[PDB]
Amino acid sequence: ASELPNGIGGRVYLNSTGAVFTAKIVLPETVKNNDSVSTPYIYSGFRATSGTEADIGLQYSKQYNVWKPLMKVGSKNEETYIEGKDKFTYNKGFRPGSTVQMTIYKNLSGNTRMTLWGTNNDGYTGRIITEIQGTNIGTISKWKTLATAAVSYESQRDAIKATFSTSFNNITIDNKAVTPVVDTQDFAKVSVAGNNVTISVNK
């Protein structure tokens, strides 16, 4: 598609039906987001064969200049922090320009889990484990990867101002390397090189 439905950005699809996704995310060094409507998001996720859509990754906090966990699975968006709440949420999060190791489990005892390893704004290197409980995800159609500047409503599209670039590297699903396929490029440049993708958002 020419446009992303809830804002601007780049999207790739990962043609795998696997259960465990891993990638190394290189966070932007700088974020320009001189608007009063959008939020930068960087995330993976999947479409279940049932139709359930999951967005799982990080959101940029303008207030704290860090990246924090982002997770939504269908209608369920209440996150449970299993570990690391005090190190990577509230006034803390993954620091700009750092690398974050991400693992996504579509279904671990009926819960969708995202584990993130990296460094926070205080220089602490550790882990934050987040879940959406009781999602009970069955088979998967495909996985996705996006970098976006999202808005609550459509008309707000023209007002979006966002400039940031990110990489998803060494993408593996069920321990197999997966090469993403370029999808939408809406005020974004998407570059794929094997199981690696760089998405540069610029509006």
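Numbering starts at 1 and runs along the sequence shown.
Trainee: Taking only the CA atoms, which stretch has the higher mean B-factor in the record, 29 to 37 or 130 to 138?
Mentor: Mean B over CA atoms: larger for 29 to 37.
Trainee: Could you check the entry and say whether 104 to 112 or 79 to 87 has the higher mean CA B-factor?
Mentor: Of 79 to 87 and 104 to 112, the stretch with the higher C-alpha B-factor average is 104 to 112.
Trainee: In the PDB entry, which of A193, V20, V182, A23 has its C-alpha at the highest B-factor?
Mentor: Result of the comparison over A193, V20, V182, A23: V182.
Trainee: Would the CA B-factor of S50 place it in the lowest, middle or highest third of its chain?
Mentor: It falls in the top third of the chain.
Trainee: Ordered by C-alpha B-factor within the chain, which third holds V201? Give me lowest, middle or highest, please.
Mentor: For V201, whose C-alpha B-factor we compare with every modelled residue in the chain, the answer is the middle third.
Trainee: What third of the chain does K62 rank in for C-alpha temperature factor, lowest, middle or highest?
Mentor: Its C-alpha B-factor belongs to the middle third of this chain's values.
Trainee: Lowest, middle or highest third of the chain for the C-alpha temperature factor of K68?
Mentor: Its C-alpha B-factor belongs to the lowest third of this chain's values.
Trainee: Could you place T148 in the lowest, middle or highest third of its chain by Cα temperature factor, using the values in the record?
Mentor: Within its chain, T148 is a middle-third residue by C-alpha B-factor, going by the deposited values.
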